[PDB]
Amino acid sequence: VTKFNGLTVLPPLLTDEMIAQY
Amino acid sequence: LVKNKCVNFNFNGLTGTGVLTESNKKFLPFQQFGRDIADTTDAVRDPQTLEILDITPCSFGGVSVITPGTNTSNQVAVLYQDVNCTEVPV
Amino acid sequence: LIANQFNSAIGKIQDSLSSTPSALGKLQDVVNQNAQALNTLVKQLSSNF
Ligand SMILES: *[C@@H]1O[C@H](CO)[C@@H](O[C@@H]2O[C@H](CO)[C@@H](O)[C@H](O)[C@H]2NC(C)=O)[C@H](O)[C@H]1NC(C)=O
Ligand SMILES: *[C@@H]1O[C@H](CO)[C@@H](O)[C@H](O)[C@H]1NC(C)=O
Ligand SMILES: *[C@@H]1O[C@H](CO)[C@@H](O)[C@H](O)[C@H]1NC(C)=O
């Protein structure tokens, strides 16, 4: 699986490390 | 020219706004200013001295107030989303 | 025999996922769809209306 004009992306609360740990 | 400081800039009519930094990409001798996939400028060749400057937008992001219940306490916290603390006080 | 079948089947998962570029087509489709949505949103700024 593969700058800002007022558009913001928010990080997932469960980061990729915690998702992987879950 | 000012680097690493958010400054309004105007290069040959670009009339952009954002912080200009030193860039690594090399333009062709005729290629004036860069661009992105979404057709938004993200580089410019300094017209006086020929060097490539990577422009990035002024830091913005939502500010959220992490507070407990007002009945429990009145002391609050503030999150400045997606920005480093160096430019927070501004 | 069941253990060998299960392990070799897992190796088959690994090989099929690596070789086939369309194994992750669903999540990649979701990511590409979000990217197209955002790119169209940005391009709409360039539009006169
Ligand atoms: C006029 O423009 C020229 C070319 O852009 C500048 O020439 C520079 O001169 C300095 C010394 O003054 C040299 O170190 C540079 O190598 C030259 N070239 C470049 C591309 O910067 C010149 O400085 C400009 N004059 C003024 C007064 O700004
Ligand atoms: C806050 O806590 C107090 C003390 O338990 C309670 O009386 C009050 O109703 C609470 N307020 C809310 C909005 O729940
Ligand atoms: C703040 O964080 C960014 C992103 O991690 C980092 O590159 C930068 O050096 C920091 N800012 C300053 C002014 O040091």
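Don't overthink the numbers, they just go from 1 along the chain as shown.
Positions of Cβ are set from backbone N, Cα and C atoms, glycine also.
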**Request:** For the disulfide involving B:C58, grab the partner from B:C6, B:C85 as Swiss-Prot records it.
**Result:** B:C6
**Message:** Given B:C6, B:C58, B:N71, B:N84 as the recorded positions, which ones have a Cβ positioned under 6 Å from some atom of ligand 2?
**Reply:** B:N71
**Asked** How far is it from B:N84 (N-linked glycosylation site) to B:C6 (disulfide bond), counting Cα to Cα, in Å?
**Response** 14
**Rounded to the nearest Å - Cα separation of B:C58 (disulfide bond) and B:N71 (N-linked glycosylation site)** = 38
**Prompt:** Looking only at Cβ atoms, how many others are within 10 Å of the one on B:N84 (N-linked glycosylation site)?
**Reply:** 8
**Message:** Would you identify which of the disulfide-bonded residues B:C6, B:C58 has the most other C-beta atoms lying within 10 angstroms of its C-beta?
**Reply:** B:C6
**Asked** C-alpha of B:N71 (N-linked glycosylation site) to C-alpha of B:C6 (disulfide bond): distance in Å?
**Response** 41
